[PDB]
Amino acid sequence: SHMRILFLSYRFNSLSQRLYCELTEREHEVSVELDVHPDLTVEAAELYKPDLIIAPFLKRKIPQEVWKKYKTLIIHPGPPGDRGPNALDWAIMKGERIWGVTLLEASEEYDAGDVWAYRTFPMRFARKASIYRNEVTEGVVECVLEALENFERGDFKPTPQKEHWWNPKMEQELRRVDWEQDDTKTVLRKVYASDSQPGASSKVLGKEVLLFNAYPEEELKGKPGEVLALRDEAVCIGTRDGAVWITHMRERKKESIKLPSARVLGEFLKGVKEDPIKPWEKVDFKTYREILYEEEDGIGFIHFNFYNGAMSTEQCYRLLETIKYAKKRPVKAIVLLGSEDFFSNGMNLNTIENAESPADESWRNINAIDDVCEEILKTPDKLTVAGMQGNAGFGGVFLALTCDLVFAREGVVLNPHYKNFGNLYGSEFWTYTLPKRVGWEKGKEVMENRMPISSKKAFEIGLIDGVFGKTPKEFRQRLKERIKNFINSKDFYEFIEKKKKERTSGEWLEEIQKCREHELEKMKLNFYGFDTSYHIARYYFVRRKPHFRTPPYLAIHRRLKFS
């Protein structure tokens, strides 16, 4: 019953990773072939001889030689009968109330194969990536697990499609924001449909840009197209009936880097005044709040919505300032909540690559995230909690591990490792937090593993302290009630008493410092030494360069001892 399954994916993306966790933790073997060349895909399937092929994310046709020989099921992020490469883009642009996902059989015509499973769900008015990572992903997991059981059953007959419609690749002219003609709702719809790829084209201050990560603004009312304000490198732009914040942009050029808006517009933003809102301020209206601090029931909650989970050096210092604020408050616990889509993905590779010296900026960024980690660790008189509502990878996983307690939503995927990105040693005090949780033996195994793990697996191995809730909202409510009941028990004051004794002693203070300097010694060699694999890997990743090989940690079939 344990199947051998081959994934065909354009990239090993969030959906591919989630499915990888769901299948392998059910004791199926999953090998991945990235979509490099049809000839390579033919070879992959003849080497691996899968029981079943699943294509979670693919942008071109599987060759007939493969799907006529091996049963091949393709994910489509739309309901049955929807066909085309940009299903979610069109669903958002058209304002569809209900949407869905479909698992269909490979065929010669795009998205025309018989249906193995499907789920429908109501749409949210939200970024494409948010729909993809939540509703679409959860529905795909259900369809794939259902198709697996039906495949093992042996007698299954898929349903041919009846009604169908085709939506082609959406052109940039359809996404383009015209500030004079588009009200705020229209700007949001266009950016949402284009986020995180490929962006909504527009002209801001006479510059051709692509827009990402929009938020309505209800106070600042200016003139259509006028850059009204700057807040944490996001810009606020007047629309037909109001204003919208745009936090990130990209020059309308090949292989340009997605960056905070202020680093793209740059010289054209002289005279635009910063308009700050401290995270702890209460505000009556809709606006962009990168970081939000709220106190409830003796708990201080810190939301930090860093686009794509990437924490630039400057974002790290803004988070650090909010943590220091919270530590002076009369709360018994501080909870780091990240955002709904990500807890954290560690250093911001985009702002590093864009820096005059990416090596220097790497150094600044890793010291800044370590300063956040050290501030959390040196909190002897309050409980600290990491609540991972969404995925965490790289330095962001070990950020969470500096908190006393780590909890995650069901279905969150963790990448507690670096080795994919030119073998960084990592820091964030992992040489202290990881052995304390799972020991050194199991600790090195965790960081040697280059594949994702679910929050359920992380809990089973003792990497985190609990997993609960199906949605961000349900996770936050359960987390709050769990912490509330703990900080009002006797074991809280007993826990804090032991934490005070330990984290005020010089021996603990000394051990922590030695951990940081050892990790940063290794990291400095990653950044400045003869090996430049980190810099090369960074260049390809941030500029969306295509894959030319599937590495052996993904492709079981491309390993040496294979038969």
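Start at 1 with the first residue shown and count on from there.
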item	value
Stretch with the greater mean C-alpha B-factor as recorded in the entry, comparing 343 to 351 against 221 to 229	221 to 229
Stretch exceeding the other in mean C-alpha B-factor - 230 to 238, 418 to 426	418 to 426
Among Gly271, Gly113, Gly78, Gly395 - the residue whose C-alpha B-factor is largest in the record	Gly271
Which of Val283, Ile453, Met170, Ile369 ranks first by CA B-factor in the deposited coordinates	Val283
Assigned third (lowest, middle, highest) for the C-alpha B factor of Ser31	lowest
Third assignment of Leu509 from its chain's C-alpha B-factors	highest
For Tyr539, the third of its chain into which the C-alpha B factor falls	highest
Record-listed C-alpha B factor of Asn449: chain third	highest
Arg18 - Cα temperature factor, lowest/middle/highest third of chain	lowest
